[PDB]
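Colleague: Got a structure for you, questions after.
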Amino acid sequence: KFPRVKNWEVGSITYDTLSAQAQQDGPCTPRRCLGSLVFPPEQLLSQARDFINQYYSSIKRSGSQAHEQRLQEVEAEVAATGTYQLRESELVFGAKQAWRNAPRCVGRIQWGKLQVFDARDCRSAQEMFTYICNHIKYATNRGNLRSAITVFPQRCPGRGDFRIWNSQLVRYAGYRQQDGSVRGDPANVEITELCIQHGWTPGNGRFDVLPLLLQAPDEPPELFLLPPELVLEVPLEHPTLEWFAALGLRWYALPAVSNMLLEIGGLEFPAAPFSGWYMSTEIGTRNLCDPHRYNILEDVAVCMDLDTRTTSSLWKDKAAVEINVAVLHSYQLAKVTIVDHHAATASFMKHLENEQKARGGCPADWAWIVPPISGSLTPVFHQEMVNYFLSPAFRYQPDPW
Amino acid sequence: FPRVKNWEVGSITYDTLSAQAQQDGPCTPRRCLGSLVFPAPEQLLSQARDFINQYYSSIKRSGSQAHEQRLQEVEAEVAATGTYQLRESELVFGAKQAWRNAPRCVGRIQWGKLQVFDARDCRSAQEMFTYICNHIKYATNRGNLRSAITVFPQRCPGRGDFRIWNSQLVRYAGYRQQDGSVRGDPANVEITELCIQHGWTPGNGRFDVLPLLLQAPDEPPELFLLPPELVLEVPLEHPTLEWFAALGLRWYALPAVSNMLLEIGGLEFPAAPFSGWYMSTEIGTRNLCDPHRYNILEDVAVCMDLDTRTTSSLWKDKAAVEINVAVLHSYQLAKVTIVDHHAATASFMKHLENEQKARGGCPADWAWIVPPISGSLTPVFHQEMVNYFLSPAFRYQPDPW
Ligand code: HEM
Ligand code: HEM
Ligand SMILES: Cc1cc(N)nc2cc(-c3cccc(CN)c3)c(F)cc12
Ligand SMILES: Cc1cc(N)nc2cc(-c3cccc(CN)c3)c(F)cc12
Ligand SMILES: C[C@H](O)[C@H](O)[C@H]1CNc2nc(N)[nH]c(=O)c2N1
Ligand SMILES: C[C@H](O)[C@H](O)[C@H]1CNc2nc(N)[nH]c(=O)c2N1
Ligand SMILES: [Cl-]
Ligand SMILES: [Cl-]
Ligand SMILES: [Gd]
Ligand SMILES: [Gd]
Ligand SMILES: [Gd]
Ligand SMILES: [Zn+2]
């Protein structure tokens with residue numbers, strides 16, 4: 001009943017007993033595995049009882065007076081109002097658990113160290129903007145990055161929703177040409193057009209920081225320029241390839257995802273931006289080298305005088321490694337927190353072992369934990385993993401249009 | 001019907017073939033186990049009926065006289081004997097389909113070009129040896145490798161199985177050492193001990209080719225030395241790192257897997273070794289760099305004068321790329337067929353497109369199709385896939401000891 005899980009580097013065997021608690025049924029059946037797919041009224045009370053029960057076991061307080069009392073108050077609150085409010089500490093505990101439950105996050109060794117900014121008393125896009133700005137400056141911290149999440153008000157029936165329209169707080173512009181093709185980041189062509197179609201004055205640049213389209217309930221979104229001194233960026237140079245700097249590449253310091261939905265105890269927060277720090281392969285391999293992103297691989301290989309005429313020279317692999325070297329070196333020189341994929345996966349192995357003792361397993365998504373370069377050189381490659389949904393959780397959600 | 005997206009391009013397709021998946025995999029709606037390495041006449045009849053229907057579809061004769069006649073003939077033979085026998089052309093079609101259906105094979109663009117040797121009249125382990133040597137000779141073809149399978153007699157009531165105890169026809173010994181380390185290939189410690197127990201006089205190099213342990217029905221395994229001239233090998237050198245040759249590394253030309261079970265229409269062939277040609281990352285990344293295989297990564301990085309004291313220099317990634325370069329250059333120099341992971345994954349994308357037109361889908365195991373270095377530099381990384389089990393099929397089976 002409990003999956004046997006083997007590590008093939010060492011020979012060790014464990015059992016994921018935690019998988020027996022999974023809630024939101026995933027996309028797979030005995031007939032066919034869909035693990036590789038990117039995107040797979042008083043029921044509220046059931047998810048609240050369960051989450052409150054999680055909270056008190058976490059503090060060695062199950063079956064104690066305050067546990068009993070908190071069970072009644074949510075029951076009463078839902079009876080009268082239909083929803084309920086989370087206590088401050090519960091929201092902190094829920095936010096950390098949702099991070100701890102994220103199967104595709106390799107950074108979860110850090111799950112206990114998270115700063116939670118309670119923004120549930122917010123109203124209008126001007127208040128949101130200041131909350132976001134406090135987050136960015138606290139999280140950036142002059143390059144000594146600190147994980148943070150800002151929780152805006154929980155969705156309620158019969159009223160609109162708080163939503164940040166950008167997928168991240170810092171994203172670069174994507175503009176077309178006299179030929180369809182894109183200047184800048186092609187991942188952000190849609191939101192770049194929704195920003196121009198809302199007043200913004202588009203630049204002419206490859207690396208123009210987009211403006212925040214912030215949406216207060218039942219009102220049209222409102223643009224906001226970000227303070228340039230708040231958006232910390234790292235110009236990219238290579239330790240030994242002097243021409244690399246002249247390619248003019250940059251990335252931003254803070255990875256801050258602003259389009260996911262935080263779900264705690266049956267409550268839903270469609271605006272709950274969280275941020276950590278980058279793993280270098282996210283920048284160097286995916287954002288810069290993906291054929292549908294900045295797609296720079298051949299340009300670097302030409303500069304390195306590599307033989308791009310046959311794939312068996314492994315010129316793609318050689319250029320990719322040096323791009324990743326330049327990311328790590330640039331961020332370190334600028335004193336901005338960054339982690340390489342070897343360090344990160346080794347810490348995730350430690351996380352798996354910790355979570356085995358603490359909870360009897362850990363939901364992990366193999367295809368996302370294994371880095372996009374040098375996969376079998378990291379320990380997670382050789383580790384079998386079980387993927388399943390626990391709550392609280394971060395969820396994907398439709399765009400607000 | 002699962003919707004499947006390619007993220008590099010935007011293409012969208014539905015896998016209608018997956019609904020035909022008969023035998024069941026390890027995943028459920030609760031939990032995905034896709035990353036696990038290892039996931040009555042009436043039922044024999046209903047598998048055979050499905051294979052016969054496949055065969056007569058492929059020759060454009062479904063529902064024809066010959067088709068119904070073959071169905072009745074098979075039912076009659078299962079009634080009289082508890083089994084049935086494949087016609088030669090059914091066996092050929094069956095072996096090709098099994099390759100076509102193999103979810104973890106990136107080489108399936110080639111599935112129609114397969115030489116099938118019918119050894120179903122094989123009588124002893126000695127004859128079995130002669131068929132195997134002829135296989136190795138034909139498939140190696142002096143370095144211009146050809147894909148081939150040899151099919152030994154099917155499992156049948158009243159007799160034991162033919163088995164090849166070796167996991168591949170060509171494998172290097174692994175000797176447990178004085179201090180408890182391993183000399184040679186650690187993956188082969190078990191089979192190396194079995195060979196010695198059965199009368200083999202061991203060597204003590206790191207690249208000693210193992211004998212074959214061949215089992216005839218109801219017989220102990222019998223040892224056979226492969227003739228030196230039949231095992232083509234490739235000394236490994238690097239095009240620009242001249243000290244690399246002094247590592248003394250070698251690999252063999254022919255990947256010939258010999259411990260899998262071939263299942264066709266309910267019949268099982270526990271001995272049916274098959275062979276193709278190597279993709280360079282199997283040798284360079286996995287066989288040479290895996291910590292639990294030859295584990296040469298750190299020795300190579302040190303020789304390259306890389307900084308091995310910090311992970312962020314990416315010494316592992318740089319050393320691995322050069323090991324793969326060495327493999328490709330060495331095999332091309334020796335004029336032995338080999339494919340790099342970029343060419344192989346590009347041909348697999350064409351296979352997926354062929355198969356979507358032909359059958360409405362294609363079973364594929366993303367975590368095995370994506371190469372173990374430079375994953376997102378290949379197009380298969382950005383392609384969603386559906387994993388399921390079709391028959392005819394190659395299956396894992398337990399070791400005979
Ligand atoms: C502290 C350093 C962190 C690192 C190094 C890290 C690393 C990563 C990486 C590499 C991914 C893969 C995303 C992709 O490649 O598209 C990811 C996903 C994710 N991260 Fe982390 N992250 C960090 C912090 C955080 C924090 C603070 C949170 C939440 C409070 C978080 C929640 C998530 C979630 C929800 C996902 C998507 C996972 C899923 O769908 O299951 N991460 N992370
Ligand atoms: C002609 C060139 C071929 C190439 C380049 C190729 C490539 C590969 C690779 C890279 C793997 C994964 C092995 C690993 O990393 O552990 C694999 C697995 C496999 N291959 Fe191929 N192969 C070829 C020919 C063949 C042939 C001729 C057959 C059978 C007729 C075959 C059947 C299989 C099977 C059964 C597996 C295990 C897959 C599974 O468990 O679903 N391959 N192949
Ligand atoms: C917080 C954080 C840090 C980091 N270093 N990386 C992160 C990546 C994502 C992410 C999750 C799903 C999809 C995508 C885009 N493919 C990104 C994310 F939400 C948060 C991340
Ligand atoms: C035919 C063929 C060619 C090749 N070039 N490679 C092959 C690799 C395997 C294989 C299957 C399961 C596990 C392993 C070891 N990871 C290898 C296999 F069966 C056949 C292969
Ligand atoms: C198709 C495939 O599932 C998709 O490209 C996934 C694979 N693994 C990934 N892993 C990470 N960390 N991030 C990603 O965006 C993806 N993309
Ligand atoms: C546990 C993990 O799934 C395992 O190490 C797999 C991953 N993908 C693989 N892919 C290929 N082609 N070959 C392998 O041996 C493996 N090993
Ligand atoms: Cl990003
Ligand atoms: Cl091999
Ligand atoms: Gd030059
Ligand atoms: Gd040299
Ligand atoms: Gd040495
Ligand atoms: Zn699955």
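Letters A, B, ... go to the chains of the structure tokens in the order shown; residues in each chain start at 1; ligands are counted from 1 in the same order.
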Where does chain A meet chain B within 7 Å, residue by residue, with the nearest atom pair and distance in Å to one decimal for each, counting only C-alpha atoms, listed by chain and rising number, as a Markdown table?
Modeller:
| residue | atom | partner | partner_atom | distance |
| --- | --- | --- | --- | --- |
| A:9 | CA | B:292 | CA | 5.9 |
| A:19 | CA | B:31 | CA | 6.9 |
| A:22 | CA | B:30 | CA | 5.9 |
| A:25 | CA | B:29 | CA | 4.8 |
| A:26 | CA | B:29 | CA | 4.8 |
| A:27 | CA | B:29 | CA | 6.0 |
| A:28 | CA | B:29 | CA | 5.3 |
| A:29 | CA | B:28 | CA | 4.5 |
| A:30 | CA | B:25 | CA | 4.7 |
| A:31 | CA | B:24 | CA | 5.2 |
| A:32 | CA | B:388 | CA | 4.6 |
| A:33 | CA | B:387 | CA | 4.9 |
| A:34 | CA | B:386 | CA | 5.6 |
| A:35 | CA | B:34 | CA | 6.6 |
| A:36 | CA | B:384 | CA | 5.6 |
| A:37 | CA | B:384 | CA | 5.5 |
| A:291 | CA | B:8 | CA | 6.5 |
| A:292 | CA | B:8 | CA | 5.6 |
| A:311 | CA | B:342 | CA | 6.3 |
| A:312 | CA | B:340 | CA | 5.9 |
| A:313 | CA | B:325 | CA | 6.8 |
| A:314 | CA | B:325 | CA | 6.9 |
| A:317 | CA | B:374 | CA | 6.1 |
| A:321 | CA | B:317 | CA | 6.9 |
| A:325 | CA | B:313 | CA | 6.7 |
| A:328 | CA | B:312 | CA | 6.8 |
| A:340 | CA | B:312 | CA | 5.8 |
| A:342 | CA | B:311 | CA | 6.2 |
| A:343 | CA | B:311 | CA | 6.6 |
| A:366 | CA | B:35 | CA | 6.5 |
| A:367 | CA | B:367 | CA | 6.6 |
| A:372 | CA | B:375 | CA | 5.2 |
| A:373 | CA | B:374 | CA | 4.3 |
| A:374 | CA | B:373 | CA | 4.2 |
| A:375 | CA | B:372 | CA | 5.0 |
| A:376 | CA | B:372 | CA | 5.0 |
| A:384 | CA | B:35 | CA | 5.5 |
| A:385 | CA | B:35 | CA | 6.1 |
| A:386 | CA | B:33 | CA | 5.5 |
| A:387 | CA | B:32 | CA | 5.0 |
| A:388 | CA | B:31 | CA | 4.7 |
Colleague: Store the residues of this selection in a file with N, CA and C atoms, as a compact mmCIF listing (two decimals), in the first residue's frame.
Modeller:
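Saved file out.txt follows:
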# COMPACT_ATOMS: atom_id res chain seq x y z
N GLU A 9 22.05 5.08 -6.75
CA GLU A 9 23.46 5.39 -6.55
C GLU A 9 24.02 4.61 -5.37
N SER A 19 2.38 9.41 1.06
CA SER A 19 1.56 9.40 -0.15
C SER A 19 0.13 8.95 0.12
N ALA A 22 -2.65 11.75 0.10
CA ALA A 22 -2.84 12.65 -1.03
C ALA A 22 -4.31 13.02 -1.19
N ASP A 25 -6.66 14.53 -6.63
CA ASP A 25 -6.21 13.44 -7.48
C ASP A 25 -5.50 13.97 -8.72
N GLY A 26 -4.32 13.42 -9.00
CA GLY A 26 -3.53 13.84 -10.13
C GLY A 26 -3.99 13.24 -11.44
N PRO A 27 -3.20 13.47 -12.49
CA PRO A 27 -3.66 13.15 -13.85
C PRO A 27 -3.41 11.72 -14.32
N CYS A 28 -2.73 10.89 -13.53
CA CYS A 28 -2.30 9.57 -13.99
C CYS A 28 -3.35 8.52 -13.65
N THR A 29 -3.38 7.46 -14.45
CA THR A 29 -4.20 6.28 -14.21
C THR A 29 -3.35 5.03 -14.43
N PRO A 30 -3.81 3.86 -13.95
CA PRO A 30 -3.11 2.60 -14.25
C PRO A 30 -2.87 2.38 -15.73
N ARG A 31 -3.67 3.06 -16.55
CA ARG A 31 -3.62 2.89 -18.00
C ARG A 31 -2.52 3.73 -18.66
N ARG A 32 -2.18 4.89 -18.11
CA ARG A 32 -1.28 5.81 -18.81
C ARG A 32 -0.77 6.86 -17.85
N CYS A 33 0.53 7.15 -17.94
CA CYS A 33 1.18 8.12 -17.06
C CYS A 33 1.24 9.47 -17.77
N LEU A 34 0.81 10.52 -17.06
CA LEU A 34 0.84 11.88 -17.58
C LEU A 34 1.75 12.77 -16.75
N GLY A 35 2.70 12.16 -16.04
CA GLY A 35 3.66 12.87 -15.22
C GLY A 35 4.40 13.99 -15.92
N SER A 36 4.56 13.92 -17.24
CA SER A 36 5.34 14.94 -17.93
C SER A 36 4.51 16.15 -18.38
N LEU A 37 3.20 16.17 -18.14
CA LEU A 37 2.38 17.33 -18.52
C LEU A 37 2.66 18.52 -17.60
N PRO A 291 15.00 27.55 -26.99
CA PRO A 291 14.76 28.07 -28.34
C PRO A 291 13.61 29.04 -28.42
N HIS A 292 12.65 28.96 -27.50
CA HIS A 292 11.51 29.87 -27.49
C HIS A 292 11.67 30.99 -26.46
N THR A 311 26.34 18.50 -35.06
CA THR A 311 25.93 18.40 -33.66
C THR A 311 26.91 17.59 -32.83
N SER A 312 27.71 16.73 -33.46
CA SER A 312 28.59 15.84 -32.71
C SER A 312 29.84 16.54 -32.19
N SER A 313 30.03 17.82 -32.49
CA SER A 313 31.04 18.58 -31.77
C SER A 313 30.59 18.96 -30.37
N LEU A 314 29.31 18.71 -30.04
CA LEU A 314 28.71 19.10 -28.77
C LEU A 314 28.87 20.60 -28.51
N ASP A 317 26.32 21.91 -25.99
CA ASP A 317 26.67 21.61 -24.60
C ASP A 317 27.80 22.51 -24.10
N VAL A 321 27.37 25.37 -21.03
CA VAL A 321 28.10 25.33 -19.76
C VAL A 321 28.72 26.70 -19.47
N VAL A 325 28.33 29.20 -16.44
CA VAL A 325 29.47 29.71 -15.68
C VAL A 325 29.37 31.23 -15.54
N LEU A 328 26.73 32.30 -12.82
CA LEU A 328 27.19 32.13 -11.45
C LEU A 328 28.25 33.16 -11.09
N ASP A 340 24.06 27.05 -7.50
CA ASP A 340 24.26 26.19 -8.66
C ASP A 340 23.48 24.88 -8.50
N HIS A 342 24.33 21.77 -8.76
CA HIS A 342 24.94 20.74 -7.93
C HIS A 342 24.68 20.98 -6.45
N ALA A 343 24.95 22.21 -5.97
CA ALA A 343 24.66 22.53 -4.58
C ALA A 343 23.18 22.33 -4.26
N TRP A 366 9.97 14.28 -10.33
CA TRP A 366 11.31 13.95 -10.82
C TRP A 366 11.72 14.84 -11.99
N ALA A 367 10.82 15.01 -12.96
CA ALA A 367 11.14 15.76 -14.17
C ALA A 367 11.44 17.22 -13.89
N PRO A 372 18.03 20.98 -15.76
CA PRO A 372 17.93 20.86 -17.22
C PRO A 372 19.26 20.73 -17.94
N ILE A 373 20.38 20.74 -17.23
CA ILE A 373 21.67 20.35 -17.78
C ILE A 373 22.30 19.40 -16.78
N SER A 374 23.15 18.51 -17.27
CA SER A 374 23.95 17.65 -16.40
C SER A 374 23.10 16.82 -15.45
N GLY A 375 21.87 16.47 -15.86
CA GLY A 375 20.96 15.66 -15.07
C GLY A 375 21.59 14.50 -14.31
N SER A 376 22.20 13.53 -15.00
CA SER A 376 22.72 12.36 -14.29
C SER A 376 23.99 12.64 -13.51
N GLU A 384 14.60 7.55 -7.10
CA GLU A 384 13.18 7.40 -7.40
C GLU A 384 12.34 8.29 -6.48
N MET A 385 11.24 8.81 -7.02
CA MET A 385 10.42 9.80 -6.35
C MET A 385 8.95 9.48 -6.57
N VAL A 386 8.14 9.90 -5.61
CA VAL A 386 6.69 9.76 -5.66
C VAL A 386 6.11 11.16 -5.72
N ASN A 387 5.17 11.36 -6.63
CA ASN A 387 4.54 12.64 -6.88
C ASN A 387 3.06 12.56 -6.54
N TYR A 388 2.59 13.52 -5.74
CA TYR A 388 1.21 13.54 -5.27
C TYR A 388 0.94 14.91 -4.66
Colleague: Using the chain letters and numbers from this document, which residues of region 151-261 of chain A does DSSP assign to alpha helix (DSSP H), as a list in words?
Modeller: residues 189, 190, 191, 192, 193, 194, 195 and 196 of chain A
Colleague: Would you name the residues within 9 Å of ligand 4, counting only C-alpha atoms and all ligand atoms, and put them as a PyMOL selection string?
Modeller: chain B and resi 37+99+104-107+147-148+167-168+254-260+273-280+282+286-287+338-339+368+394+396
Colleague: Excluding region 204-211 of chain A and any residue of its chain fewer than 3 positions from it, enumerate the residues within 10 Å of it, using only C-alpha atoms, and give them as a PyMOL selection string.
Modeller: chain A and resi 166+168-175+182-185+188+191-192+195-196+200-201+214+222-228+231+248-252+294
Colleague: Here is a test: counting only C-alpha atoms, which residue of B:81, B:345, B:215, B:13 is nearest to residue 360 (chain B)?
Modeller: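 The answer is B:13, which sits nearest to residue 360 (chain B).
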Colleague: Can you tell me which residues surround residue 355 (chain B) at a distance of at most 10 Å, considering only C-alpha atoms, apart from same-chain residues fewer than 6 positions away, and format the answer as a PDB file with C-alpha atoms, in the first residue's frame?
Modeller:
ATOM      1  CA  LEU B  17      -3.566   5.349 -29.033  1.00  0.00           C
ATOM      2  CA  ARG B 100       8.029   0.191 -31.910  1.00  0.00           C
ATOM      3  CA  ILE B 109      12.793   6.025 -35.795  1.00  0.00           C
ATOM      4  CA  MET B 349      10.777  13.979 -32.688  1.00  0.00           C
ATOM      5  CA  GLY B 361      -0.040   8.514 -30.597  1.00  0.00           C
ATOM      6  CA  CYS B 362       3.169   7.002 -29.296  1.00  0.00           C
ATOM      7  CA  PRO B 363       4.051   5.570 -25.854  1.00  0.00           C
TER       8      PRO B 363
END
Colleague: Write as a list in words the residues around ligand 7, taking 7 Å as the cut-off and counting only C-alpha atoms and all ligand atoms.
Modeller: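 After applying the 7 Å limit, what remains is residues 255, 282, 283 and 287 of chain A.
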Colleague: Convert the current residue selection to file output with C-alpha atoms, as a PDB file, in the first residue's frame.
Modeller:
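So result29.pdb came out as:
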ATOM      1  CA  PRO A 255      12.519  35.404  -8.806  1.00  0.00           C
ATOM      2  CA  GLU A 282      16.944  28.658 -14.425  1.00  0.00           C
ATOM      3  CA  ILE A 283      18.695  31.727 -15.849  1.00  0.00           C
ATOM      4  CA  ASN A 287      15.672  31.698 -19.820  1.00  0.00           C
TER       5      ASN A 287
END
Colleague: Just want the residues within 7 Å of ligand 3, written as a PDB file with N, CA and C atoms, in the first residue's frame, counting only C-alpha atoms and all ligand atoms.
Modeller:
ATOM      1  N   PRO A 255      13.572  36.186  -8.169  1.00  0.00           N
ATOM      2  CA  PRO A 255      12.519  35.404  -8.806  1.00  0.00           C
ATOM      3  C   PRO A 255      11.281  35.413  -7.926  1.00  0.00           C
ATOM      4  N   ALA A 256      10.243  36.137  -8.341  1.00  0.00           N
ATOM      5  CA  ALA A 256       9.076  36.404  -7.497  1.00  0.00           C
ATOM      6  C   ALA A 256       7.813  36.085  -8.289  1.00  0.00           C
ATOM      7  N   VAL A 257       7.225  34.915  -8.036  1.00  0.00           N
ATOM      8  CA  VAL A 257       6.109  34.421  -8.831  1.00  0.00           C
ATOM      9  C   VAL A 257       4.798  34.982  -8.299  1.00  0.00           C
ATOM     10  N   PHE A 274       5.268  35.055  -3.932  1.00  0.00           N
ATOM     11  CA  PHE A 274       6.371  34.525  -3.145  1.00  0.00           C
ATOM     12  C   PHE A 274       7.674  34.612  -3.933  1.00  0.00           C
ATOM     13  N   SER A 275       8.782  34.710  -3.209  1.00  0.00           N
ATOM     14  CA  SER A 275      10.067  34.843  -3.867  1.00  0.00           C
ATOM     15  C   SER A 275      11.135  34.138  -3.049  1.00  0.00           C
ATOM     16  N   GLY A 276      12.155  33.655  -3.748  1.00  0.00           N
ATOM     17  CA  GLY A 276      13.305  33.056  -3.120  1.00  0.00           C
ATOM     18  C   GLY A 276      14.558  33.615  -3.750  1.00  0.00           C
ATOM     19  N   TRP A 277      15.438  32.736  -4.211  1.00  0.00           N
ATOM     20  CA  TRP A 277      16.579  33.139  -5.020  1.00  0.00           C
ATOM     21  C   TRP A 277      16.762  32.112  -6.125  1.00  0.00           C
ATOM     22  N   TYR A 278      17.485  32.519  -7.163  1.00  0.00           N
ATOM     23  CA  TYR A 278      17.577  31.708  -8.367  1.00  0.00           C
ATOM     24  C   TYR A 278      18.523  30.535  -8.173  1.00  0.00           C
ATOM     25  N   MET A 279      18.162  29.407  -8.774  1.00  0.00           N
ATOM     26  CA  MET A 279      19.136  28.405  -9.175  1.00  0.00           C
ATOM     27  C   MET A 279      19.682  28.807 -10.546  1.00  0.00           C
ATOM     28  N   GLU A 282      18.167  27.983 -14.000  1.00  0.00           N
ATOM     29  CA  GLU A 282      16.944  28.658 -14.425  1.00  0.00           C
ATOM     30  C   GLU A 282      17.263  29.819 -15.351  1.00  0.00           C
TER      31      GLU A 282
END
Colleague: So that I can see what lies close to residue 116 (chain B), please list as number ranges by chain the residues with an atom at most 7 Å from it, counting only C-alpha atoms and leaving out residues fewer than 6 positions away in the same chain.
Modeller: B: 92, 148-150
Colleague: Rank B:238, B:1, B:305, B:51 by their smallest atom-to-atom distance to residue 98 (chain B), using only C-alpha atoms, and report the top residue only.
Modeller: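 The shortest atom-to-atom distance to residue 98 (chain B) comes from B:51.
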Colleague: Please determine, counting only C-alpha atoms and all ligand atoms, which residue among B:288, B:264, B:249, B:304 has the shortest atom-to-atom distance to ligand 8.
Modeller: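 Looking only at the distances to ligand 8, the closest residue turns out to be B:288.
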Colleague: Quick one: residues within 8 Å of residue 327 (chain B), only C-alpha atoms counted, chain neighbours fewer than 4 positions away excluded, as a PDB file with N, CA and C atoms, in the first residue's frame?
Modeller:
ATOM      1  N   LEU B 236      39.528   4.658 -26.270  1.00  0.00           N
ATOM      2  CA  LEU B 236      38.989   6.009 -26.152  1.00  0.00           C
ATOM      3  C   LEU B 236      40.128   7.021 -26.100  1.00  0.00           C
ATOM      4  N   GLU B 237      40.066   8.017 -26.980  1.00  0.00           N
ATOM      5  CA  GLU B 237      41.009   9.130 -26.977  1.00  0.00           C
ATOM      6  C   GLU B 237      40.232  10.428 -27.153  1.00  0.00           C
ATOM      7  N   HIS B 238      40.888  11.550 -26.845  1.00  0.00           N
ATOM      8  CA  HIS B 238      40.225  12.841 -27.015  1.00  0.00           C
ATOM      9  C   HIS B 238      40.897  13.609 -28.146  1.00  0.00           C
ATOM     10  N   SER B 280      25.903   8.167 -27.768  1.00  0.00           N
ATOM     11  CA  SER B 280      27.166   8.418 -27.057  1.00  0.00           C
ATOM     12  C   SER B 280      26.991   8.687 -25.563  1.00  0.00           C
ATOM     13  N   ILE B 283      27.506   5.732 -23.079  1.00  0.00           N
ATOM     14  CA  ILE B 283      28.889   5.407 -22.740  1.00  0.00           C
ATOM     15  C   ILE B 283      29.521   6.525 -21.920  1.00  0.00           C
ATOM     16  N   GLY B 284      29.490   7.750 -22.452  1.00  0.00           N
ATOM     17  CA  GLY B 284      30.233   8.826 -21.820  1.00  0.00           C
ATOM     18  C   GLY B 284      29.667   9.228 -20.470  1.00  0.00           C
ATOM     19  N   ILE B 323      34.309  14.160 -21.875  1.00  0.00           N
ATOM     20  CA  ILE B 323      34.254  12.694 -21.929  1.00  0.00           C
ATOM     21  C   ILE B 323      33.360  12.242 -23.076  1.00  0.00           C
ATOM     22  N   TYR B 331      34.806   6.754 -31.554  1.00  0.00           N
ATOM     23  CA  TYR B 331      33.998   5.866 -32.387  1.00  0.00           C
ATOM     24  C   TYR B 331      34.022   6.296 -33.849  1.00  0.00           C
TER      25      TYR B 331
END
